[PDB]
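Here's a solo chain for you in structure tokens, the form deposited in one PDB entry.
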């Protein structure tokens, strides 16, 4: 008939987080699930009305609906400062292919309203490509856009287990592109892969290979908006690095000749890879391996800005350079605790670049399971 839930979590990147939802399982006999969910962390507030139906057709074609609001404070996510308030809708159809494959396609509308932008080169390059020319010596600005998107996705999942896998692979490819008539003109592609290779019969020793890629660019002279940027560094990409520090840094314009900074801005291209040796946990019985997991890892990644105009800023790093690969090594520990899914890592960033920030200890308690 229905349910509701409340969650409290914690992350080094996100601080204390809260979650809350309420779902009506069958709306007046339609078979659609209607719900309201909300989440809040140090830099993000998000709320949505959800409409879902796993059997839109009796075959198993799914429908997924959204009407959302989102409030992003970029400085609290350790980026060069800006604020983005947005709302919109999405409709998505899910087509199962076989046990291990699904496809999804959908249409999206999103209104984005940008304010409180701290003048810096890359952000202003995008603004200029959009016909925007706000003052460079002033943080009281405003840019509002309406976009319509076509979204597509592909998920391969043959993990033997959803939680603490020991064998198989997981691949998720997402795409989106603006439909003419949008203010923006851009596409964005994301690729995530995870492969688990057990080396012993009992599956207590596993080799994990993770990669994560992202590429987007503008069309017809526009650039991809910077609030769609990829980032890297943190607890889920390159451990041992401060969240999102990897990649370009803001080149700030003077307030009222530019200022090199160590404030990350993300980029439109990204590549992250990790090799991780899963092993039994010292001082713990392998009866708890489904609930406790130790691993040693080698993380690497880079983020870059393909449109950095190096000609015009010779005195500053060429942030279009994709070859400054950050690297770290360390040890992680996960635990299905009474307080919820728990992840503690200690890692040392042994290859880092000008302006990158370290965060050796990183901790996360989930609020959804």
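Numbering follows the first chain given and starts at 1. Throughout, rigid core stands for the largest set of C-alpha atoms superposing within 1.5 Å between the two forms.
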Gap between residue 98 and residue 99, counted in deposited residues with no coordinates, falls in the class none
Between 337-345 and 302-310 (mean CA B-factor, as deposited), the higher
337-345
Would you tell me which stretch averages the higher CA B-factor in the PDB entry, 12-20 or 349-357?
349-357
Highest recorded Cα temperature factor - choice among 164, 124, 87, 215:
164
Per the PDB entry, which option out of 108, 267, 134, 225 has the greatest Cα B factor?
134
Third of chain Cα B-factors occupied by residue 293
lowest
Chain-relative CA temperature factor third for residue 114:
lowest
Sorting by Cα B-factor within the chain, modelled residues only, which third would residue 262 end up in: lowest, middle or highest?
middle
Where does residue 59 sit by CA temperature factor within its chain: lowest, middle or highest third?
highest
Of the three thirds of its chain by CA temperature factor, lowest, middle or highest, which one includes residue 287?
highest
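The following text describes the form deposited in another entry, which does not appear among the structures shown.
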Please find the residue from 175, 134, 168, 88 showing a Cα shift of 2 angstroms or more between this form and the one not shown, rigid core superposed.
134
Rigid core fitted, then: does residue 71 show a CA shift of 2 angstroms or greater between this form and the one not shown?
no
Establish whether a shift of 2 Å or more occurs at the C-alpha of residue 38 between this form and the one not shown, with the two forms superposed on the rigid core.
no
Cα displacement of residue 284 between this form and the one not shown reaching 2 Å, rigid core superposed:
yes
